[PDB]
Amino acid sequence: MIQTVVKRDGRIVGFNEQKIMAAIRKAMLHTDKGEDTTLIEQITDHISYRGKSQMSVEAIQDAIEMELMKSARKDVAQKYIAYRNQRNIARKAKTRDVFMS
Amino acid sequence: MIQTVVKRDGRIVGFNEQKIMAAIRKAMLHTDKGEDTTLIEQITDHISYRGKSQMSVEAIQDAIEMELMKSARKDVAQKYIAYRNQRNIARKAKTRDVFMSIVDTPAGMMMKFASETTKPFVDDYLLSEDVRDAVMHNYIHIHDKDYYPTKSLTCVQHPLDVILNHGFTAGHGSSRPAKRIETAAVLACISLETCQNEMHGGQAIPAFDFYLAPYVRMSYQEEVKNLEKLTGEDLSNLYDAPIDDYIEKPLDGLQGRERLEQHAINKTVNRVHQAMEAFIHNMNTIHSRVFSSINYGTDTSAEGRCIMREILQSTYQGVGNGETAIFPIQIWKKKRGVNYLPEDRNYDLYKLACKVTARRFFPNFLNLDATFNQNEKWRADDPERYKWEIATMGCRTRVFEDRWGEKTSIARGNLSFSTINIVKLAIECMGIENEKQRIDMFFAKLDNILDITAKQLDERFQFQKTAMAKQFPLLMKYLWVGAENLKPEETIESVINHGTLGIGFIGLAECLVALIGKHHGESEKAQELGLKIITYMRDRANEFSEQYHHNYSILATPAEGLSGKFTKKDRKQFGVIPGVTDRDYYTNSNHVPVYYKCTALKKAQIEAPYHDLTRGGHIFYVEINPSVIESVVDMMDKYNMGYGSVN
Ligand SMILES: Nc1ncnc2c1ncn2[C@H]1C[C@H](O)[C@@H](COP(=O)(O)OP(=O)(O)OP(=O)(O)O)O1
Ligand SMILES: Nc1ncnc2c1ncn2[C@H]1C[C@H](O)[C@@H](COP(=O)(O)OP(=O)(O)OP(=O)(O)O)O1
Ligand SMILES: Nc1ncnc2c1ncn2[C@H]1C[C@H](O)[C@@H](COP(=O)(O)OP(=O)(O)OP(=O)(O)O)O1
Ligand SMILES: Nc1ncnc2c1ncn2[C@H]1C[C@H](O)[C@@H](COP(=O)(O)OP(=O)(O)OP(=O)(O)O)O1
Ligand SMILES: Nc1ncnc2c1ncn2[C@H]1C[C@H](O)[C@@H](COP(=O)(O)OP(=O)(O)OP(=O)(O)O)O1
Ligand SMILES: [Mg+2]
């Protein structure tokens with residue numbers, strides 16, 4: 001398993017194992033079917049190996065993608081790669097560089 | 001196979017296999033490794049055999065993505081499901097407002113962008129942990145949260161004389177003093193609309209009579225000079241000639257030196273008349289293009305009456321082709337000894353004011369003799385009485401008392417205010433059945449929420465200070481108490497304390513229903529609790545004022561930005577309850593609910609004590625001949641009513 005996560009800004013924090021179950025649960029609400037908790041738990045637990053004890057948030061969100069594209073719920077998969085792309089364009093704004101000015 | 005595809009617009013075309021192929025090719029050509037026809041052929045053949053006779057573009061793309069997922073090359077789908085979505089958003093922005101969902105005139109759209117960008121950053125990086133926790137669960141509301149990074153203040157009361165007397169210089173713009181009526185209202189408007197950019201609230205001009213009063217004499221003198229330039233006479237004693245009132249009557253029926261003294265007054269009255277309608281039109285158009293307020297009604301000279309009559313006539317007529325102007329907001333001052341009783345000097349102006357208010361809904365009325373507005377320095381002989389007369393704003397705000405300064409409302413303002421949700425606490429405590437324990441729990445929680453609100457207000461204050469003078473070119477050089485002593489680059493920490501902090505409340509009747517079967521306006525026992533809770537809040541406000549070295553007051557919020565922001569989030573969490581979360585309003589601070597049939601007398605009786613208790617702001621709103629408003633004003637005088645707005 002893993003403990004260290006290096007967020008986008010550059011800080012280091014500890015693994016929580018519960019946030020993932022929120023991200024892979026909010027998407028399934030906008031999908032015409034609220035998937036049973038069994039798949040949430042299975043996918044969450046399947047991120048135990050394949051780690052390195054330190055992985056960036058980009059890696060942990062670019063790996064959960066290639067796990068809903070297999071679990072017979074691609075309906076959820078379609079409405080997960082769209083939201084991420086939406087929010088990766090807003091982050092390019094030079095906004096947090098003005099407040100801290 | 002597939003033979004007909006229905007385009008998005010609606011056309012029907014034939015199935016061409018060379019278009020499902022180039023699309024995947026372009027998707028593949030940006031994914032490091034870029035493959036050849038080996039998989040393209042498989043995907044296209046699979047699609048074009050399992051389908052129906054006729055298909056749509058969206059269905060075909062669904063099939064493309066579904067097959068591109070169930071493959072070995074999954075790096076080509078993640079560049080498909082993104083480009084398609086970007087194109088959807090682009091083609092949806094030709095008739096809708098997609099750019100707002102992610103986060104009509106151009107200026108309004110830009111302001112919406114800025115507000116939405118600013119709000120979450122403040123909600124995260126600036127507040128503290130306890131305050132943030134309180135805000136998240138719908139316990140309080142911070143008014144005007146989007147201007148937090150700009151160390152901004154709410155409102156002020158303009159000392160309009162300091163600019164008319166001398167010249168004012170802002171940026172590269174400079175202006176000399178005034179020398180007639182037309183060049184005075186224009187400067188008043190300039191200074192009234194120049195300070196909006198420096199503040200996030202309303203604007204007010206107190207003593208609308210005295211400040212412009214010296215400027216009805218100058219035009220008279222100039223007209224006399226012009227009427228004695230040609231005639232060769234020496235009308236040198238007409239300058240400071242005492243006058244009774246600047247009334248105008250026809251001219252034919254005299255001759256000689258008594259004919260060239262009624263004409264001058266006529267031209268002067270017309271000159272003063274045009275200017276006031278120009279003022280009203282300017283302030284009315286600026287809004288659509290800016291809250292404003294003007295106070296008058298306690299000047300017993302000859303020029304003040306002229307100004308009052310001119311403004312009243314212009315407002316009564318209307319604007320344009322007879323429409324009712326929305327701004328400026330006009331407020332009429334009533335005192336017992338100046339304009340109330342039949343023997344008083346300004347009875348006629350009062351009657352005219354009632355006549356106009358019976359139609360165009362302005363001016364409002366402010367009791368200048370209430371038990372909590374009286375001042376012990378108002379001298380009827382001083383030429384500077386206005387310094388000791390309370391003034392109010394269109395937002396229902398009051399700034400009179402002071403623990404470290406004089407008791408005036410000139411050159412002072414408000415700095416922030418936050419409202420507190422009270423219905424939620426009562427609903428939450430509704431669980432237990434025993435009556436006494438419910439009240440005990442209510443009082444137990446109210447104290448903690450009040451402490452959190454006070455801490456938030458103080459932190460806001462601590463942040464607002466540290467603002468350099470140059471950030472506010474006009475407010476901190478001519479229109480604040482300590483100006484004329486501050487260098488361009490000095491902080492404003494030495495003058496900020498001459499301000500006020502408000503704690504508002506909303507929806508008391510619902511809070512009563514959650515602890516008894518009737519609200520304040522239906523059962524005698526009900527009001528004994530509303531009075532008690534308001535009293536508790538006032539006492540805690542006094543304690544906080546003593547603790548933190550600031551000024552704190554209780555407030556009835558104007559209900560302009562927070563009308564349903566609380567009830568919706570409360571129905572969802574707790575669900576429908578009869579008469580508490582079933583109307584989509586939450587009633588105002590302490591009024592009687594609009595859906596309960598009640599008369600003026602009973603409402604006034606139940607409301608006046610709260611007016612006494614809420615120093616930071618209060619109202620008494622009643623919805624309906626000039627004799628009708630007289631009953632309202634008399635009702636205000638009979639009890640300790642402060643600010644009425646019947647219209
Ligand atoms: N401790 C963690 N370990 C691994 N991945 C994490 C962790 N915390 C968050 N993530 C990743 C995967 C989760 O699906 C997703 C949760 O939200 P996240 O992207 O961290 O939000 P955020 O940091 O942009 O915002 P917020 O401050 O609102 O939580 O982020
Ligand atoms: N309603 C939803 N629909 C689709 N995806 C969702 C939804 N709610 C959450 N998600 C996804 C998006 C992210 O992967 C994760 C939630 O993190 P979120 O804060 O929304 O994204 P983010 O890390 O891109 O944020 P930001 O860039 O704003 O800090 O779950
Ligand atoms: N002739 C066609 N036969 C089958 N599918 C088609 C055809 N034309 C378009 N499609 C479907 C499948 C393609 O994956 C998807 C994208 O087509 P594309 O040519 O990019 O858009 P379009 O035909 O609406 O017009 P445009 O030239 O503006 O792109 O549309
Ligand atoms: N640069 C690209 N990166 C990834 N995939 C792409 C790219 N360009 C095209 N594609 C793929 C995904 C698109 O759904 C498909 C059709 O492209 P295109 O004809 O430009 O779009 P479209 O017909 O949906 O848009 P439009 O609204 O302009 O008609 O080709
Ligand atoms: N709309 C306006 N906005 C700003 N400044 C204005 C505006 N209109 C006029 N001014 C200037 C002109 C003068 O500088 C000052 C008003 O002075 P005023 O009393 O009208 O006459 P004056 O001093 O120019 O007259 P004189 O020519 O007799 O010297 O404001
Ligand atoms: Mg005219």
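At a glance:
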| quantity | calculated |
| --- | --- |
| Per-selection metrics, segment B:263-352 (Cα): Rg and Dmax in Å | 14.3, 45 |
| Under-5 Å amide H pairs with B:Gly616, H placed in peptide plane, nonlocal only | B:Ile554 |
| Fully extended contour minus Cα-Cα distance, from B:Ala107 to B:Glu233, at 0.36 nm per residue | 39.5 nm |
| Whole-Å distance, taken between Cα centres, linking segment B:306-332 and segment B:354-402 | 19 Å |
| All-pairs Cα distance distribution in segment B:379-498, expressed in whole percent, bin size 10 Å | 10, 27, 27, 18, 12, 5, 0 |
| Under 15 Å, Cβ to Cβ, from B:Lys436 - net charge with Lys/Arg +1 and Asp/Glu -1 | -1 |
| Packing-based exposure ordering (other Cβ within 10 Å, fewest first) of B:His141, B:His166 | B:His166, B:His141 |
| Segment B:531-583-segment B:411-455 distance, computed between alpha-carbon centres (Å) | 7 Å |
| Residue-by-residue Karplus 3J(HN,Hα) for segment B:19-29, coefficients 6.51, -1.76, 1.60, Hz, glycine and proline x | 9, 5, 8, 5, 4, 4, 5, 5, 5, 6, 5 |
| Under Karplus coefficients 6.51, -1.76 and 1.60, residue-wise ³J(HN,Hα) of segment B:346-361 in Hz, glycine/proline x | 9, 5, 4, 5, 4, 5, 4, 4, 5, 4, 5, 4, 5, 10, 9, 6 |
| Cut-off under 5 Å, modelled amide H: who pairs with B:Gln157 long-range | B:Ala411, B:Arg412 |
| Global geometry of chain A, whether rounded, prolate or oblate, following the gyration tensor of its Cα atoms and the 1.5 cut on a/c | oblate |
| DSSP bridge pairs, the protein assembly as shown: antiparallel proportion in percent, nearest 5 | 35 percent |
| Reduced Cα scattering model of segment B:471-529, Debye log10 I(q)/I(0), q = 0.13, 0.22, 0.23, 0.24 Å⁻¹ | -0.53, -0.87, -0.92, -0.95 |
| Under the Karplus curve 6.51 cos²θ - 1.76 cosθ + 1.60, θ = phi - 60°, whole-Hz ³J(HN,Hα) for segment B:536-549, x wherever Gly or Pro sits | 4, 4, 5, 5, 5, 4, 4, 4, 5, 4, 5, 6, 9, 6 |
| Computed E for B:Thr491/A:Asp97 - FRET, C-beta separation, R0 25 angstrom, nearest 0.05 | 0.50 |
| Kirkwood hydrodynamic radius (C-alpha pairs) into Stokes-Einstein, the protein assembly as shown, 10 °C and 1.306 mPa s, D in µm²/s | 50 µm²/s |
| Expected 222 nm ellipticity per residue - DSSP helices of 4 or more, -39500 (n - 2.57), all of the protein assembly as shown, to 500 | -13500 deg cm²/dmol |
| Protection-proxy order for peptides B:243-251, A:80-88, each taking the mean of Cβ atoms within 10 Å per residue, highest first | A:80-88, B:243-251 |
| All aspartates and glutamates inside 17 Å of B:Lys569 as judged from Cα atoms, apart from same-chain residues fewer than 8 positions distant | B:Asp133, B:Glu428, B:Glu510, B:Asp582, B:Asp584 |
| B:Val290 versus A:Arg50: modelled label distance in nm, points set 7 Å from Cα along the beta carbon direction | 6.2 nm |
| Average beta-carbon neighbours from other chains, 10 Å sphere, peptide A:67-74 | 2 |
| Inter-chain shielding of B:79-86 (mean C-beta neighbours from other protein chains, 10 Å cut-off) | 4 |
| In degrees, nearest ten, helix A:37-46 long axis to first principal axis of chain A (Cα) | 60 degrees |
| Theoretical FRET efficiency, 1/(1+(r/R0)^6), r = Cβ-Cβ of B:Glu524 and B:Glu623, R0 30 Å, to 0.05 | 0.70 |
| Degrees separating the helix A:74-90 axis from the principal Cα axis of chain A, which is the longest one | 10 degrees |
| Rounded if a/c under 1.5, otherwise prolate or oblate - segment B:236-292, Cα gyration tensor axes | prolate |
| A:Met1-A:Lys33 FRET efficiency (beta carbon distance; Förster radius 35 Å; 0.05 resolution) | 0.70 |
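Methodologically, a virtual Cβ is constructed for each residue, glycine included, from the backbone with ideal geometry; neighbour enumeration extends over all protein chains shown. Values in this text are rule-based calculations from the coordinates and carry no lab data.
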